[PDB]
Structures are given as C-alpha cells and as structure tokens.
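Comments concern the structure below.
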Amino acid sequence: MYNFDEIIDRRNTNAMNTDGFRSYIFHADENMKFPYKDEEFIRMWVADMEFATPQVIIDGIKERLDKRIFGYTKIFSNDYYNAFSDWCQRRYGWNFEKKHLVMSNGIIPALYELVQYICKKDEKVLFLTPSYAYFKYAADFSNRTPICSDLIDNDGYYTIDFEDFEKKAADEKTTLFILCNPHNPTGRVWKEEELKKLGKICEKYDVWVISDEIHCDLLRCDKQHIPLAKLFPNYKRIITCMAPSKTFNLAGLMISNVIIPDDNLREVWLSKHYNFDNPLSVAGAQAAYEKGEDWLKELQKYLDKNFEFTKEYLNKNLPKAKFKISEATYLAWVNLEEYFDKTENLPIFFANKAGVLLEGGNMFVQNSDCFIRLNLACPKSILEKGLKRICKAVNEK
Amino acid sequence: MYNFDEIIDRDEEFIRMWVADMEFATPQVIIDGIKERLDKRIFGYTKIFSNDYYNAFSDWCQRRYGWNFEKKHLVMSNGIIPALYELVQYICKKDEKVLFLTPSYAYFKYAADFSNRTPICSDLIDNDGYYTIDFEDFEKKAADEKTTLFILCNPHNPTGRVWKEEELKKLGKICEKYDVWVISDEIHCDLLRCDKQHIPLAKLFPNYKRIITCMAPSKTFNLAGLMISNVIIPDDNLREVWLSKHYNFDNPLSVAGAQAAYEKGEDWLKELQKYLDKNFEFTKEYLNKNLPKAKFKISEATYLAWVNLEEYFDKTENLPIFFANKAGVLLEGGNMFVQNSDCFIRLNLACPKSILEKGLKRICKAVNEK
Ligand SMILES: C=CCSC[C@H](N)C(=O)O
Ligand SMILES: C[As](C)(=O)[O-]
Numbered sequence: 001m002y003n004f005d006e007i008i009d010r011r012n013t014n015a016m017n018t019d020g021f022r023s024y025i026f027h028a029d030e031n032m033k034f035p036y037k038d039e040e041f042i043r044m045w046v047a048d049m050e051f052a053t054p055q056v057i058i059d060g061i062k063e064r065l066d067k068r069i070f071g072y073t074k075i076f077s078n079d080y081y082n083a084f085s086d087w088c089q090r091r092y093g094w095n096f097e098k099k100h101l102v103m104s105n106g107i108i109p110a111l112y113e114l115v116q117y118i119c120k121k122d123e124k125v126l127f128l129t130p131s132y133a134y135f136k137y138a139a140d141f142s143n144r145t146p147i148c149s150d151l152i153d154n155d156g157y158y159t160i161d162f163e164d165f166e167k168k169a170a171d172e173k174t175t176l177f178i179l180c181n182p183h184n185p186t187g188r189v190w191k192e193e194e195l196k197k198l199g200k201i202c203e204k205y206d207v208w209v210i211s212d213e214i215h216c217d218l219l220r221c222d223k224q225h226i227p228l229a230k231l232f233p234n235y236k237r238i239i240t241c242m243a244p245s246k247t248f249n250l251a252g253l254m255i256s257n258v259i260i261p262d263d264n265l266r267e268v269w270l271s272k273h274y275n276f277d278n279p280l281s282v283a284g285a286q287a288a289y290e291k292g293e294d295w296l297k298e299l300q301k302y303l304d305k306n307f308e309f310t311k312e313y314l315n316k317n318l319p320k321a322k323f324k325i326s327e328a329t330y331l332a333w334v335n336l337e338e339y340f341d342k343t344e345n346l347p348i349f350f351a352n353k354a355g356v357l358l359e360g361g362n363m364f365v366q367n368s369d370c371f372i373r374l375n376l377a378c379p380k381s382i383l384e385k386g387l388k389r390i391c392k393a394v395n396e397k
Numbered sequence: 001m002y003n004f005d006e007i008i009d010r038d039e040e041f042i043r044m045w046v047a048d049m050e051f052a053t054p055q056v057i058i059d060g061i062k063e064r065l066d067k068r069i070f071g072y073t074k075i076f077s078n079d080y081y082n083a084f085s086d087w088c089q090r091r092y093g094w095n096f097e098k099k100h101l102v103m104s105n106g107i108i109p110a111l112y113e114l115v116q117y118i119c120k121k122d123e124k125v126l127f128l129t130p131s132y133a134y135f136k137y138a139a140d141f142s143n144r145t146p147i148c149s150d151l152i153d154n155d156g157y158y159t160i161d162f163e164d165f166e167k168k169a170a171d172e173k174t175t176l177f178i179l180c181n182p183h184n185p186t187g188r189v190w191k192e193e194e195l196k197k198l199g200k201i202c203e204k205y206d207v208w209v210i211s212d213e214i215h216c217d218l219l220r221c222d223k224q225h226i227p228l229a230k231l232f233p234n235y236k237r238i239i240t241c242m243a244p245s246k247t248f249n250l251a252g253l254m255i256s257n258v259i260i261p262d263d264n265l266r267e268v269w270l271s272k273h274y275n276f277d278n279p280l281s282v283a284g285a286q287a288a289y290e291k292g293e294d295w296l297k298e299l300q301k302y303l304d305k306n307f308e309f310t311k312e313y314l315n316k317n318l319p320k321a322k323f324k325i326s327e328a329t330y331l332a333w334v335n336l337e338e339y340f341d342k343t344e345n346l347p348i349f350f351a352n353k354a355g356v357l358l359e360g361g362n363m364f365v366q367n368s369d370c371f372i373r374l375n376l377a378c379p380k381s382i383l384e385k386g387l388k389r390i391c392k393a394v395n396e397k
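For the record, the sequence lines run as chains A and B. Residue 81 in PDB author numbering is what sits at position 81 of the first sequence, and the numbering runs on without skipping anything. Numbering (PDB author numbering) for the second sequence: 1 to 10, 38 to 397.
In structure tokens form, the structure reads like this:
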C-alpha cells in the first residue's frame with residue numbers, strides 16, 4: 001500500500017547527498033565545475049535513501065511535537081527498550097539486558113570513542129577489506145593503527161581469509177576487531193559458521209569486537225541476520241551497534257543503539273558522555289521499531305526487484321561487468337576490472353562522463369580496485385536513468 | 001497575544044522549580060518550522076549548508092544587541108555544557124586553572140574537574156541583594172600564570188545580574204592583560220527584564236581573538252532537548268581544533284527549530300518577557316507580604332528568582348530537602364551553586380501565575396510553621 005516509485009524532492013533540505021558531494025567525494029571546493037547542473041546528476045553515492053520515511057515514523061515525531069515542550073530529556077520509561085528489544089526478539093531471536101544499552105549520536109562517533117576506550121595508543125584496529133572507510137578513520141582519528149584482512153573475491157562471492165585473519169588477530173597489539181555484519185560494501189550476510197569462527201578467534205586472543213550491524217534489516221528477502229552477540233552471548237568483549245537510521249532513512253536524527261555488556265567499558269562510556277537525548281529523535285526511533293516493520297517488508301521487496309533489475313540491465317548492457325546481487329544493504333557492488341585500471345578514478349569519470357555521482361576505488365580502503373558502489377534506494381525510474389548513463393559512458397570509452 | 005496561563009501537562040503532586048526549563052509551551056512558530064521540515068519526508072545526512080541559519084541568528088544578534096560575528100567563526104554544539112567540557116581541554120593544559128564567579132552554575136566547576144583542570148572561584152559581593160564583582164580579587168586570580176580560562180556567565184546565573192558595560196570592560200581588559208581566554212556563556216541573554224539590554228562581551232572586545240561566545244535558543248524557547256547551540260570562536264587555531272574533534276553532522280529537525288526561533292520567535296519572546304516581569308513583580312509582593320524576613324531582589328535576567336533566607340535557616344540546614352518534605356516544592360538551593368550561596372533557594376518563575384502562587388504559598392507556609 002506504498003508508493004516506492006514516488007520521486008521525492010530533496011533540493012533545499014540541507015542534505016549532504018545533494019549539497020556536498022564536491023567535498024565528500026572529491027575533497028574539492030564548492031566552485032568545482034561539472035558538465036552537468038547539480039540537479040542534472042543521478043546521485044547514487046552516500047548511503048541514505050530517496051524513499052520517504054514511513055508516515056508512521058513521521059506521525060510519531062509529530063505526536064511528540066504536540067506535547068509542545070522540548071526541554072531536557074533522558075529515556076526514562078521502558079517504552080523505548082521494550083520496542084527495540086521486541087524488534088530484536090522477533091526478527092533475529094536475540095535479546096540483551098536493558099542496562100547494556102547506551103545511546104550515541106551515530107555509530108561513527110561511537111566507533112571513534114570506543115577505539116579510544118578499548119585500544120591503548122600503540123594498539124591496532126583490525127577489520128575486513130574492502131570496507132566503509134570510517135573503520136580506518138576511527139583508528140587514525142586517535143593515532144591507533146588500522147590493519148586490514150583482505151576478503152577473498154570468489155567471482156563476487158566474498159569469503160574470509162581466516163588464516164590471514166587469525167594471524168593478524170593473534171598479534172598482541174591487535175586489540176579491536178571492527179566487524180561489519182552485514183558487510184559494507186560487499187553485502188555479505190555472514191553465515192553462522194563464519195561468525196562462530198570469527199568470534200572463537202577473537203575469544204582465543206581476547207580481542208574486543210565492535211559489531212557494526214547497521215545494515216542488518218536491509219537484507220534480501222531470503223536472508224536471516226545473526227547478531228554476533230547471539231552466537232557469543234557470554235563474551236563480555238562484544239559491542240553491538242544498531243540503528244533505525246539506514247533502515248528508515250533517519251541518519252539526520254543522529255540516534256543509535258550501542259549495546260555494551262562489559263561493565264567496565266560501559267562505565268567508561270557513561271562517564272564520558274553527555275547522556276541527554278533528543279526527544280524528537282527518540283520519538284522517531286521508537287516509532288520505527290514499534291510500527292515500521294510493515295513498511296520495511298515492502299521496502300525489502302522493492303529493493304530486491306531493483307537488485308534483480310540491476311543485474312539484468314548490467315548483464316545485457318555491460319556484459320564484461322562482474323556483479324553478484326548483494327545479500328544485504330541497498331548498495332550495488334560492480335567490478336569494472338575489464339574496463340578500467342586500478343589508477344583510473346571512477347567517481348571523477350562517471351561524474352564528468354555519465355552525470356552519475358557514485359563511489360568506488362580506494363573509497364573502501366583497499367581490496368576494491370576498479371569497483372564502483374551504487375546506491376539503489378531510489379525509485380526504479382531514477383535507477384534506470386542511472387544505469388543507462390553508466391553503461392553508455394563506459395561503452396563509449 | 002499568547003496564553004501563558006495555559007497549564008500544560010502536570038514523585039507525586041510536586042510543584043516543580045527544578046532545573047532551568049520552562050513550563051510554558053514552545054512558540055507555535057518554531058513547532059510549525061519543525062513540522063515543515065517533517066513534511067520534506069526524508070531525514071538523511073545533514074549539514075548546515077544554506078546561509079539561512081546564519082542570517083537568522085546573525086540578524087538576531089544584530090538587531091537585539093548591535094553585535095555581529097563572522098559566519099566562519101560559528102560552530103555548532105550539542106549544548107553549552109558539552110562545549111564547556113571540551114573547550115576546557117582545548118584551552119587549558121592539565122595543571123592550569125579555570126576561573127569563574129561564584130555563586131555559579133555548578134557545571135562551571137564540573138567542566139574543570141572533568142578533565143582534571145583546577146576550578147577557582149571569585150566570590151561576588153552581595154550588597155543587599157545586588158551583586159558586584161570583587162575586581163581586585165578577580166585580577167589577583169586572573170594574573171596567576173597558571174590561570175588560563177575565565178568562564179563568564181553573561182547574564183549571570185544564579186544572581187541574574189545583567190553586567191553593565193563598565194563591568195564587562197574591566198573584566199575584559201583584565202583578561203586581555205594576562206592573555207586569559209574567556210568563554211562567554213550567554214545562554215540567558217534574551218531572558219532579561221523588559222528594561223535591560225544585553226551586551227555580548229565580544230561586542231566590546233571585537234579584536235580579542237581569545238573570547239568564545241556561546242548562545243542557544245534552548246532556554247529562551249524551551250528547546251534544550253533539541254541539543255543545538257552556537258559557539259563563536261574567533262581564534263582560528265582553537266576553531267580548527269574544535270572542528271577536527273567534532274562529528275560535524277546536524278539534526279535537521281533541530282536546525283529547523285532553531286532557525287524558526289531566530290526567524291519568527293521574537294514577538295512571542297517579547298510577550299514572554301512581559302509575563303515573566305509580572306511573575307517577578309508578584310513574587311516580590313508575595314514574599315514581602317508572607318515571608319517578610321526573606322531577602323529578595325528581582326533578578327535582572329533569567330526566569331529564576333534568587334531568595335536569601337539567611338534569617339530563617341542555618342548554613343547547615345538542607346533547604347532542598349526541607350522544601351521537598353515540608354512544602355512539597357522541588358527547588359534548588361544551598362551549595363548547589365559551587366559556593367557563596369548559603370541559605371539561598373532558587374525559584375523557577377517560568378510557569379503560569381496560578382502555579383507560581385501555589386508554589387509560593389507552600390514555601391511560605393512551610394517556613395513560617397518552622
Ligand atoms: C563520503 C563520505 C562517506 S559516504 C559513505 C556512505 N555514508 C555509506 O555508508 O555507504
Ligand atoms: C546511525 As549513523 C548517523 O552513524 O548512520
């Protein structure tokens with residue numbers, strides 16, 4: 001009963017997706033001229049959606065707006081916990097103690113703070129590559145050392161090099177593993193056996209794990225999500241991070257769940273944080289977990305068709321492009337090995353030659369030569385324009 | 001015209044004069060501004076890209092104080108308390124001292140203790156309810172080479188002093204003499220009595236790059252929950268440090284609300300000031316009539332009354348606990364303001380006059396029956 005084909009204007013909303021691609025993609029100043037008006041770009045880069053936030057969420061916020069006062073706010077009642085807990089209960093069969101829950105502005109700030117709470121200045125921060133570049137930046141931020149275990153590209157199906165991973169985890173300075181569960185940008189939904197071996201390895205060398213599960217509700221319709229903490233429920237050194245922000249297009253609300261079993265780490269967190277909450281943000285998030293499931297299940301259906309359409313479009317019109325439909329996220333990961341070199345800048349190319357803004361190459365640290373990443377969380381009509389522009393521009397090269 | 005008499009919503040039957048937020052509703056102009064952003068239907072990654080918010084806040088400062096600041100000196104914060112905690116670390120080395128005037132907001136002290144800097148206090152001078160600065164005591168403590176940061180509360184909380192131009196000049200010159208950084212906490216600068224002008228410290232010292240001015244729509248419009256405040260950092264070094272240590276994304280609903288506050292909120296604010304003035308006037312008459320040994324000067328700013336009860340209690344009697352148990356009023360008082368506040372209670376008058384009358388009656392009855 002929803003119209004995901006509806007085009008939604010985003011001009012003049014202080015959205016980075018429309019207003020700041022020069023800085024975040026190209027580290028260039030706002031003067032930078034393009035062959036295309038800003039409005040003329042198909043924008044498929046930063047991971048927020050072109051779909052509208054469900055009206056149940058918007059109404060939940062308006063309901064809080066009608067209480068008419070927006071003073072100092074902490075989550076006093078158990079409403080928020082119960083809703084988020086029941087959401088985890090019925091979608092993954094996982095639960096957590098309420099007192100293990102703390103709130104953060106977003107998982108990125110959570111990562112930057114947790115790195116300093118967990119790692120001594122000379123310790124290392126391990127993660128699987130290619131990845132979301134902020135796993136590196138979180139470690140660079142406070143002069144910790146990012147280390148990478150390259151995944152294994154079996155024709156688009158990625159697996160973990162467990163021997164390389166155990167070797168790097170075993171290092172005594174390697175103290176923190178940042179896991180992306182499900183993985184960004186490959187889309188891997190980690191199977192139970194994969195997570196067991198990852199967790200057992202971290203238990204062997206007593207390595208702390210931050211599990212970034214921010215994409216865990218954007219799976220393909222035939223996939224289950226397993227929180228790592230579900231398999232390792234007594235390991236005090238796992239931190240679980242979840243947020244309604246990806247699922248429901250709520251990044252602006254800057255609210256996310258950080259589950260910290262370790263009593264010492266959690267006490268550290270609490271003593272370092274301004275522990276007030278935004279009432280409109282709590283109202284939106286609480287609405288998302290209470291009422292947002294029906295919209296999410298239709299969104300999952302629409303994302304699947306977009307993925308299936310994207311494979312057919314590429315098989316037909318970019319046949320030397322290698323592309324496996326991602327098991328999770330709304331992000332398409334396309335290998336253009338056969339068309340480009342490691343050293344050709346794919347974002348700059350597609351901006352100037354296709355009028356499409358995308359991410360690729362070393363925006364995902366390493367292990368991503370000649371890859372582009374496409375945001376498909378937009379109406380099928382806008383996506384089709386994007387794909388036509390991409391294939392046309394690559395062929396003409 | 002606005003209905004400040006409206007009761008909004010209602038631990039049992041407590042009259043609450045706890046924490047500095049209002050019982051009045053946020054103006055409908057701000058709420059409509061948020062709902063308008065709600066209707067854009069998407070809430071993705073957000074930075075303050077357009078110049079609208081700057082223009083609104085810039086013009087607000089322009090036409091209400093005759094002060095302006097460069098757009099590039101403006102950075103955003105979750106609140107002035109977090110700003111205080113971080114700015115202490117960017118400015119003061121451990122082993123350096125953080126000076127402020129007492130009594131004060133206790134978070135001036137905690138901001139220093141937080142990162143193991145040292146809090147030091149210059150007591151204000153109480154001449155029959157009118158507070159003044161002991162300028163020689165202040166220069167003595169500022170002159171200390173380890174004393175690096177002065178946190179000024181302008182207007183002052185909890186006395187309510189609206190600092191006159193000469194007072195700010197002498198404070199500013201003293202800090203210029205010893206190169207002491209000043210954080211000017213000006214969060215109450217629009218909650219003044221109708222016959223008071225606010226002077227930002229930086230207006231008088233527009234070339235001293237070491238003043239940071241802090242302002243927010245939060246107290247003025249009941250918006251602390253939106254966690255948005257303006258921090259103006261002339262010093263390019265401090266500002267770059269600030270910028271490199273912060274997650275520089277904003278809540279679009281928060282930006283929409285603060286923007287609406289500065290664009291359209293002035294008329295409600297001038298109506299609020301009239302209503303606060305009458306509440307302050309009633310409070311004096313009420314206490315003069317029913318607690319005649321209580322010493323009380325109408326505060327020049329904030330919606331908080333500062334009442335001296337020297338004559339009914341000892342320094343050792345816990346006033347918050349007394350009024351909790353004996354009057355059913357939750358209030359702040361005593362040593363909740365670092366020091367220089369024995370036997371004081373602070374009353375929130377930012378509520379309908381009928382609720383204030385009930386609260387005052389309970390307070391007077393409990394003290395008189397003591
Ligand atoms: C240019 C800066 C980050 S863009 C990455 C995007 N937010 C994602 O999560 O895929
Ligand atoms: C929850 As987030 C703002 O780090 O996408």
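Just so it is clear, CB atoms sit at the ideal spot from N, CA and C, and this is done for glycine as well.
(1) Okay, do the segment 218-228 of chain A and the segment 177-186 of chain A touch, 3+ Cβ pairs below 8 angstroms being the bar?
(2) When DSSP labels each residue in this structure, what does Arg373 of chain A get in the three-state scheme?
(3) Give a yes or no on whether the C-beta atoms belonging to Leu126 of chain B and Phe162 of chain B are separated by under 7 angstroms.
(4) Please state whether DSSP places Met16 of chain A in a helix, a strand or coil.
(5) Using the beta-carbon of each residue, which ones in chain B are nearer than 7 angstroms to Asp48 of chain A?
(6) Under 5 angstroms, CB to any heavy atom of ligand 2. Which residues pass, going along the chain?
(7) So, at 7 angstroms on beta carbons, what are the nonlocal neighbours of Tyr92 of chain B in its own chain, with the 5 sequence-adjacent residues on each side left out?
(8) Kindly indicate the opening and closing residues of the alpha helix (DSSP H) around residue 398 of chain A.
(9) Can you check the segment 204-251 of chain A for any alpha helix (DSSP H) of at least 4 residues that lies completely inside it and give the ranges in chain order?
(10) By alpha-carbon positions, which one of A:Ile238, A:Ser142 and A:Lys388 ends up nearest to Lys311 of chain A?
(11) Of all Cβ atoms in chain B, is any one closer than 7 angstroms to the Cβ of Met32 of chain A?
(12) I'd like to confirm the pairing. Which residues does DSSP put opposite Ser381 of chain B in its beta bridges?
(13) Give the residues of chain A in contact with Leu250 of chain B, contact being defined as C-beta atoms less than 7 angstroms apart.
(14) Mind listing, in chain order, the continuous beta strand (DSSP E) runs of no fewer than 3 residues lying wholly within the segment 75-146 of chain A?
(15) Alpha carbon to alpha carbon, how far is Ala139 of chain A from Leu336 of chain B?
(16) Following a CB-centred definition, is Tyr80 of chain B positioned closer than 6 angstroms to any heavy atom of ligand 1?
(17) At the 7 angstroms Cβ level, is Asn78 of chain A part of the contact set with chain B, yes or no?
(18) I'd like to check one pair, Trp269 of chain B with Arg237 of chain B: are the Cβ atoms closer than 7 angstroms?
(19) Just to be sure I understand the criterion: a residue counts if its Cβ is closer than 5 angstroms to at least one heavy atom of ligand 1. Which residues meet that?
(20) Quick check on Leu151 of chain A: does DSSP put it in helix, strand or coil?
(21) I'd like to know whether the C-beta of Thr53 of chain B is nearer than 7 angstroms to at least one C-beta of chain A.
(22) According to DSSP, is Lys37 of chain A part of a helix, a strand, or is it coil?
(23) Comparing C-alpha positions only, which one of B:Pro54, B:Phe371 and B:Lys397 sits nearest to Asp153 of chain B?
(24) Would DSSP call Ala47 of chain B helix, strand or coil?
(25) Run through DSSP, which three-state label would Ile7 of chain A get?
(26) Is it right to say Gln366 of chain B is buried, meaning 16 or more other beta carbons lie within 10 angstroms of its own, or is it exposed?
(27) Can we count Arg389 of chain A as close to ligand 4, meaning its CB is less than 6 angstroms from some heavy atom?
(28) Measure the beta-carbon distance from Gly360 of chain B to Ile42 of chain B and round it to whole angstroms, keeping in mind my assumption that it falls under 8 angstroms.
(29) Check whether chain B comes within 7 angstroms of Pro244 of chain A, counting only Cβ atoms and requiring the distance to be less than that.
(30) In the DSSP assignment, find the alpha helix (DSSP H) that holds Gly60 of chain A and state where it starts and stops.
(31) With a cut-off of 7 angstroms, does the C-beta of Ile58 of chain B fall near any C-beta of chain A?
(32) Which one of B:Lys99, B:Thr145, B:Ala83 and B:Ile325 has the shortest CA to CA distance from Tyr112 of chain B?
(33) List the residues of chain A that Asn184 of chain B touches, going by C-beta distances under 7 angstroms, in chain order.
(34) Going by other Cβ atoms of all chains shown within 10 Å of its Cβ, with 16 needed for buried, is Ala170 of chain A buried or exposed?
(35) Quick check: what's the CA-CA separation for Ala110 of chain A versus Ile382 of chain A?
(36) Could you tell me whether any Cβ in chain A is nearer than 7 angstroms to the Cβ of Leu331 of chain B?
In short:
(1) Result yes; three or more Cβ-Cβ pairs closer than 8 angstroms.
(2) The sequence position of residue 373 of chain A within the first sequence is 373, counting from 1. The answer is strand: DSSP assigns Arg373 of chain A an E or B state.
(3) Taking the first residue of the second sequence as 1, we reach residue 126 of chain B at position 99. Taking the first residue of the second sequence as 1, we reach residue 162 of chain B at position 135. No, they are not a contact pair.
(4) Taking the first sequence and counting its residues from 1, one reaches residue 16 of chain A at position 16. The DSSP-derived three-state label of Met16 of chain A is helix.
(5) For the purposes of this step, residue 48 of chain A is taken as residue 48 along the first sequence, with counting starting at 1. Ordered by position in chain B, the residues that pass the 7 angstroms Cβ test against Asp48 of chain A are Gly71 and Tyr72.
(6) Having a Cβ closer than 5 angstroms to some heavy atom of ligand 2 are A:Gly106, A:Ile107, A:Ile108, A:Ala243, A:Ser245, A:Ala251 and A:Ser256.
(7) Locating residue 92 of chain B in the second sequence gives position 65, counting from the first residue. So the qualifying residues of the chain are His225, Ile226, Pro227 and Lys230.
(8) For chain A, the structure presents residues 1 to 397; residue 398 of chain A sits outside this window and is missing.
(9) Within the segment 204-251 of chain A, the complete alpha helix (DSSP H) runs of at least 4 residues fall at 228-231 and 244-248.
(10) The sequence position of residue 311 of chain A within the first sequence is 311, counting from 1. Nearest option by C-alpha distance: A:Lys388.
(11) Here residue 32 of chain A refers to the residue found at position 32 of the first sequence. Using beta-carbon distances, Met32 of chain A does not count as an interface residue toward chain B, since no partner is under 7 angstroms.
(12) As a first step, residue 381 of chain B is located in the second sequence; it is residue number 354 there, counting from the start. Its beta-bridge partners do not exist; DSSP assigns none.
(13) As a position in the second sequence, residue 250 of chain B is number 223, starting the count at 1. Under the 7 angstroms cutoff, chain A gives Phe70.
(14) Counting only unbroken stretches of 3 or more residues, the beta strand (DSSP E) elements lying wholly within the segment 75-146 of chain A are 101-104 and 124-129, in sequence order.
(15) Sequence index remark: in the first sequence, residue 139 of chain A carries index 139 (1-based). Sequence index remark: in the second sequence, residue 336 of chain B carries index 309 (1-based). Looking at the two C-alpha atoms, the distance is approximately 55 angstroms.
(16) Along the second sequence, one-based indexing puts residue 80 of chain B at 53. False, no ligand heavy atom lies under 6 angstroms from that Cβ.
(17) In the first sequence, the residue the question calls residue 78 of chain A occupies position 78. Under the Cβ criterion of 7 angstroms, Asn78 of chain A is not counted among the residues facing chain B.
(18) Residue 237 of chain B sits at position 210 when you count from the first residue of the second sequence. Residue 269 of chain B sits at position 242 when you count from the first residue of the second sequence. Taking 7 angstroms as the Cβ cut-off, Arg237 of chain B and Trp269 of chain B do not qualify as a contacting pair.
(19) Result: A:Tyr24, A:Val46 and A:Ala47.
(20) For the purposes of this step, residue 151 of chain A is identified with residue 151 of the first sequence, where counting begins at 1. Reduced to three states, the DSSP call for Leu151 of chain A is coil.
(21) Translated into positions along the second sequence, residue 53 of chain B becomes position 26. Yes, contact with chain A.
(22) As a working mapping, residue 37 of chain A is identified with position 37 in the first sequence. Of the three classes helix, strand and coil, the one that applies to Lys37 of chain A here is coil, per DSSP.
(23) Taking the second sequence and counting its residues from 1, one reaches residue 153 of chain B at position 126. It is B:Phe371 whose Cα lies nearest to the Cα of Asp153 of chain B.
(24) By one-based count along the second sequence, residue 47 of chain B stands at place 20. Three-state result, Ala47 of chain B: coil.
(25) Taking the first sequence and counting its residues from 1, the one referred to as residue 7 of chain A is at position 7. Reduced to three states, the DSSP call for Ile7 of chain A is coil.
(26) Counting from one through the second sequence, the residue named residue 366 of chain B turns up at place 339. Of the residues assessed, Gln366 of chain B falls on the exposed side of the cut-off, its CB having fewer than 16 other CB atoms within 10 angstroms.
(27) Absent from the structure shown: ligand 4. Ligands present: ligand 1 and ligand 2.
(28) As a working mapping, residue 360 of chain B is identified with position 333 in the second sequence. As a working mapping, residue 42 of chain B is identified with position 15 in the second sequence. That belief does not hold up - the Cβ atoms of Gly360 of chain B and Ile42 of chain B are roughly 15 angstroms apart, past 8 angstroms.
(29) Counting from one through the first sequence, the residue named residue 244 of chain A turns up at place 244. At a cut-off of 7 angstroms between beta carbons, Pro244 of chain A makes no contact with chain B.
(30) Sequence index remark: in the first sequence, residue 60 of chain A carries index 60 (1-based). That run of the alpha helix (DSSP H) goes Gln55 to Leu65.
(31) Position 31 of the second sequence, counted from the start, is the residue given in the question as residue 58 of chain B. Output row for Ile58 of chain B: interface = yes.
(32) Position 85 of the second sequence holds residue 112 of chain B. Comparing Cα positions, the closest option is B:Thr145.
(33) As a first step, residue 184 of chain B is located in the second sequence; it is residue number 157 there, counting from the start. What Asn184 of chain B touches in chain A: nothing, since even the nearest Cβ is about 15 angstroms away.
(34) Translated into the one-based positions of the first sequence, residue 170 of chain A becomes position 170. Flag for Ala170 of chain A reads exposed.
(35) Stepping through the first sequence from its first residue, residue 110 of chain A is reached at position 110. Stepping through the first sequence from its first residue, residue 382 of chain A is reached at position 382. Here the alpha carbons of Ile382 of chain A and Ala110 of chain A stand approximately 34 angstroms from one another.
(36) The residue given as residue 331 of chain B occupies position 304 in the second sequence. Put simply, the CB of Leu331 of chain B is far from chain A, with every gap to its CB atoms at 7 angstroms or more.
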